[PDB]
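Shown next, in structure tokens, is the structure this report addresses.
Starting from 1, each residue takes its place in the sequence as its number.
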Amino acid sequence: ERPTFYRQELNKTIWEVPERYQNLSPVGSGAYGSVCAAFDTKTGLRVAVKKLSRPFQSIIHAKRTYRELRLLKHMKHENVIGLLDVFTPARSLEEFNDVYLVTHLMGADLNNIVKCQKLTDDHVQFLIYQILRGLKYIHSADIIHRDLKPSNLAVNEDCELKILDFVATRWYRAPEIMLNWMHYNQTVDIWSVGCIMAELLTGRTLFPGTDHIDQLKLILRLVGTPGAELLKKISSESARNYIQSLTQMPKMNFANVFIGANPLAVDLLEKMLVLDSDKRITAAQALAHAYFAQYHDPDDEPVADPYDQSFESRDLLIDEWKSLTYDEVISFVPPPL
Ligand SMILES: CN(C)c1cnc(-c2cccc3ccccc23)c(-c2ccncc2)n1
Ligand SMILES: Fc1ccc(-c2n[nH]cc2-c2ccncc2)cc1
Ligand SMILES: Fc1ccc(-c2n[nH]cc2-c2ccncc2)cc1
């Protein structure tokens, strides 16, 4: 321990952090960890501190901890959560048991901003622009988010947005994921963005499926049952039988479904909510869409440094994942103040 730590209990959870962080107050808890807001005396910044839950209890948890830390250390973009700091009270690998992550405090999530109401067109343009700008970066690193939804989008009072954590998740999931296709691609994230954008425009969940089958049904109601070109790509005999046995439905007219919305917004929705993932617009392409003319800047939509996910295929011992994680804690270099 280079800095001096202090201990305290907050909601049954023990928090041991450096004295630079003051006035911890809980903001939320999950199965993966708990978060407190705090004041960083060194920078004058309000920060969020996340304490991971049982990070090395099993090989599974240990690998997930490593995965999360590696990802977070790599994400350096204005629209993606990143790290201000990472620390452990442990003085050596032997006593290493806890991991704390620090980032700039964000005020609320998009679900809170939606208030289940319609946002203005300018707000929809700026919020979706930011999601896509972050998604361009994430995708450029060969990372798929896979779980985009309003609760995973942090937003400040000035409408600044950051993507987090690479109500029901299924509502924003791509149809090919409902079908359990093993080879989905990055455009599953674009599907999610389309579902989010629709909700910001209408104030209603686009596809509020009660289960996976219902979710697919609702999707096909809007975009229609698969055409011949898409059917040819389905390997599963059972899946084809199921799909081809549904009463066929044509694609709805998006202009009528979203009547009143900016025609440019409607056009983009049409390009995002395409049933065949191979024909969906990419994040980079979407940024160039006329809907974002007021915000698009091709010279300020950066890509990420390459990201090595080779560790994902490795089968290591629990202490090996723990040691790799410890190395990542020790090697952390904070971003310039
Ligand atoms: C599920 N949600 C909404 C989460 C999850 N984790 C963190 C989080 C909280 C604290 C530190 C973090 C470090 C890296 C990545 C995420 C975090 C936050 C958070 C981040 C910034 N401000 C407020 C809250 N929200
Ligand atoms: F949403 C989904 C997800 C998967 C299936 C499925 N895949 N293979 C076979 C089927 C299926 C599901 C239900 N009834 C018959 C067949 C059908 C709908
Ligand atoms: F009903 C549907 C809904 C979506 C899909 C889908 N869209 N993009 C890719 C596919 C797909 C699904 C299953 N197997 C291969 C590809 C295919 C059938």
Side-chain angles (χ1 to χ4, degrees), residues 27-33 35 37 48 50 75 77-82 103-139 143-175 177-178 186-212 214-215 218-219 222 257-258 261-262 265-266 268-269 272-273 280-281 283 286-287 291-292 295:
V27 295
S29 181
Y32 297 145
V35 176
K50 177 167 57 181
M75 296 301 82
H77 188 279
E78 298 176 354
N79 305 118
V80 184
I81 278 293
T103 195
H104 297 267
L105 184 64
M106 301 293 294
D109 63 52
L110 183 61
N111 181 59
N112 306 134
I113 301 300
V114 179
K115 294 296 183 180
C116 183
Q117 63 181 359
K118 296 180 177 177
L119 300 184
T120 62
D121 189 59
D122 178 53
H123 280 191
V124 177
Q125 286 173 31
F126 187 42
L127 291 169
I128 302 303
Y129 173 77
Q130 286 178 94
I131 299 172
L132 291 169
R133 182 178 179 255
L135 192 59
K136 175 186 177 185
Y137 176 91
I138 293 170
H139 291 178
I143 299 169
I144 305 180
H145 186 293
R146 303 187 178 67
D147 194 15
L148 291 169
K149 56 186 177 182
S151 60
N152 283 341
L153 299 172
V155 183
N156 289 335
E157 294 188 306
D158 64 0
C159 299
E160 296 182 308
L161 174 158
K162 300 184 181 181
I163 295 170
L164 320 153
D165 289 328
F166 302 12
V167 57
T169 295
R170 60 178 175 289
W171 299 338
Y172 303 89
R173 287 216 157 132
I177 295 177
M178 291 305 83
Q186 285 173 336
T187 70
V188 298
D189 290 339
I190 296 294
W191 182 272
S192 304
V193 174
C195 296
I196 295 169
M197 176 174 170
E199 176 169 351
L200 298 185
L201 290 165
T202 68
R204 298 182 179 181
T205 310
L206 184 58
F207 307 120
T210 61
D211 60 59
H212 289 204
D214 186 57
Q215 189 65 38
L218 291 181
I219 292 175
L222 178 67
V257 173
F258 298 103
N262 180 342
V266 174
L268 181 59
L269 285 173
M272 293 178 166
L273 297 175
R280 297 184 191 133
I281 194 170
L287 290 171
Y291 187 45
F292 306 117
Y295 294 104

Return the minimal non-hydrogen interatomic distance between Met197 and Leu268, and the atom names on each side. SD-CD2, 4.1 Å

Is the shortest heavy-atom distance from the side chain of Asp165 to the side chain of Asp147 under 4.5 Å? no

Is the shortest side-chain heavy-atom distance between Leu273 and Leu206 below 4.5 Å? yes

Evaluation steps, side-chain contact (heavy atoms from CB on, under 4.5 Å), between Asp121 and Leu201: CA-CA 7 Å; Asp121 189 59; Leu201 290 165; 4.3 Å; yes

Got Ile163 and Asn152 here, is their nearest side-chain heavy-atom distance under 4.5 Å? no

Would you say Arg173's side chain and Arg146's backbone share a donor-acceptor pair under 3.5 angstrom? yes

Does any part of the side chain of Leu148, heavy atoms only, come nearer than 4.5 Å to the side chain of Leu135, both counted from C-beta? yes

As an exercise, state the distance from CD1 of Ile144 to NE2 of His139, rounded to the nearest 0.5 Å. 6.5 Å

Working to the nearest 0.5 Å, report the span between CD of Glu199 and CH2 of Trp171. 8.0 Å

Got more than 12 heavy atoms from elsewhere within 6.0 Å of CD, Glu157? no

Hey, what do you get for CG (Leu132) to CG (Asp189), rounding to the nearest 0.5 Å? 10.5 Å

Which pair of non-hydrogen atoms, one from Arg280 and one from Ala174, has the smallest distance, and what is that distance? NH1-CB, 4.1 Å

Please verify the inter-ring angle class for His77 with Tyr137; under 30° counts as parallel, over 60° as perpendicular, anything in between as tilted. tilted

Under 6.0 Å from the OH atom of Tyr295, do we count more than 12 heavy atoms belonging to anything else shown? yes

Which heavy atom of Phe292 sits nearest to which heavy atom of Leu287, and what is that distance? CB-O, 4.0 Å

Looking only at non-hydrogen atoms, find the nearest pair between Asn262 and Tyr291 and report the distance. ND2-CE1, 3.7 Å

Please report the closest heavy-atom contact between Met272 and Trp191, naming both atoms and the distance. O-CE3, 4.1 Å

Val167 and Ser151, any side-chain heavy atoms less than 4.5 Å apart: no

Nearest-0.5 Å distance, CD1 of residue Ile219 to SG of residue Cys195: 6.5 Å

Hey, are the side chains of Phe258 and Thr202 touching, using non-hydrogen atoms and a 4.5 Å cut-off? yes

Distance-only, no hydrogens or angles: does the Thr120 side chain make a donor-acceptor pair with backbone N or O of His123 under 3.5 Å? yes

Looking at side-chain heavy atoms only, is the closest gap between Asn79 and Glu160 below 4.5 Å? no

So, do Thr103 and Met75 sit near enough that their side-chain heavy atoms are less than 4.5 Å apart? no

Taking all heavy atoms of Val155 and all of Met106, pick out the closest pair and write down the distance. N-CE, 4.2 Å

Within the side chain of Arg170, is there an N or O that forms a donor-acceptor pair under 3.5 Å with the backbone of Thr210? yes

Just do the side-chain contact (heavy atoms from CB on, under 4.5 Å) check on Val35 and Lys50 with the steps written out, would you? CA-CA 4 Å; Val35 176; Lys50 177 167 57 181; 3.9 Å; yes

